[PDB]
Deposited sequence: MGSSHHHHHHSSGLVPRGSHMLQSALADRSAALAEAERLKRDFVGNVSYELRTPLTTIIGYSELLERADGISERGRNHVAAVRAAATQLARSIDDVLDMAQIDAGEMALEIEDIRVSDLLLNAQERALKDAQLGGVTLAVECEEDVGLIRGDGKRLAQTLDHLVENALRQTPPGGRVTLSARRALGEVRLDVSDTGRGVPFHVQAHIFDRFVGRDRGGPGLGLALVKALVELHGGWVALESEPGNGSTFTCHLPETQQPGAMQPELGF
C-alpha cells in the first residue's frame, strides 16, 4: 500500500539521518578544540604552550577513538569480529591501561590507580579487545571525574569469574540515564560516550561476559566487566 511504502521509507531515512547526525557530532566537537588550541600555538613564543599542545593531542586522540568505535561497531553488527583467544595476565592489562591514559589524567588533574593482586593471575580472551574495553572505561571515567579526583582500575577473581572494575570519584550517572548507559549515542550532560560504552558491552559479551554500572550522583561510578572462568 501507498501509506505503508511511505512510512517504511520515512523510517529508513530517520534511522540514517540520526546515525550521520550522531557520528557528525563526534567529528565536529573535538575538531573545534583542535582548531582553537592549535591557532593559539601558532601565535605563541613554555607551560601555557604545553597545555595548548596537550589539549590538541587529547581532542585529536578522542576523534581517533570515535572513528575506531564506528568501524569496530560496524564489524560487530556484520558479525565479522572474531576474537583471538589467548592467555592474558590481568596485572599487565590493568597497568598498560593506566600508562596509556596517564597523560590525559594529569591534564585533567586526576589520579589513576591500579588495585590488582598477584592471585588474580591469567584469564583467556582477546588482548587487543580487552585493552580497548579498559581504554573506553578509563577515558569515560576521566571525562566524569573533576580535578583532584581519582579513577581506579581493579580486578578480582571470585565466584567462578574475573571482574574488572573502573571506579571514579566523579559525578554520578543520573538515575534516568543509568538504564540506557550502554546504548549507542546516549545523551549525557557532562559529555557523550558515543559508541564507547556500547562497544565495551559488545566486546565483553563476545567474551561470554556481561557489564554493569553501579552509580549514585554523589558517590561516583563503577563499571564492572564480568568475565566467566573457562574450566
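Colleague: Counting from residue 1 of the deposited sequence, where are the gaps with no C-alpha coordinates?
Modeller: Deposited residues absent from the model fall in 1-24, 70-71, 258-268.
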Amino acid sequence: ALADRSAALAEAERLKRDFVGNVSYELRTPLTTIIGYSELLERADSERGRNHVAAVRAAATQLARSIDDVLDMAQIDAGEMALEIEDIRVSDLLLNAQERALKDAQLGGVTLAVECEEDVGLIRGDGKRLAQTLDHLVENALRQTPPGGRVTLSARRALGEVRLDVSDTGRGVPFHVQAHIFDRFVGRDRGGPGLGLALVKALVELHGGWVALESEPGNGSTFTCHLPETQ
From here on, numbers count along this sequence of modelled residues.
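Colleague: Which is higher on mean Cα B factor in this entry, 82-90 or 130-138?
Modeller: Comparing averages over the C-alpha atoms only gives 82-90.
Colleague: Would you determine, from the values in the PDB entry, which of 66-74 and 165-173 has the greater average C-alpha temperature factor?
Modeller: On average, C-alpha B-factors are higher across 165-173.
Colleague: Per the entry, which of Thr32, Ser38, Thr61, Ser46 tops the list for Cα B factor?
Modeller: When the deposited C-alpha B-factors of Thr32, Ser38, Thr61, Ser46 are compared, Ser46 is largest.
Colleague: Based on the deposited C-alpha B factors for this chain, I'd like to know if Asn219 is in the lowest, middle or highest third.
Modeller: Highest third, going by the recorded CA B-factors of the chain.
Colleague: How does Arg28 rank on Cα B-factor within its chain, lowest, middle or highest third?
Modeller: Lowest third, going by the recorded CA B-factors of the chain.
Colleague: Please place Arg190 in the lowest, middle or highest third of its chain according to the CA B-factor in the PDB entry.
Modeller: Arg190: CA B-factor falls in the highest third of its chain.
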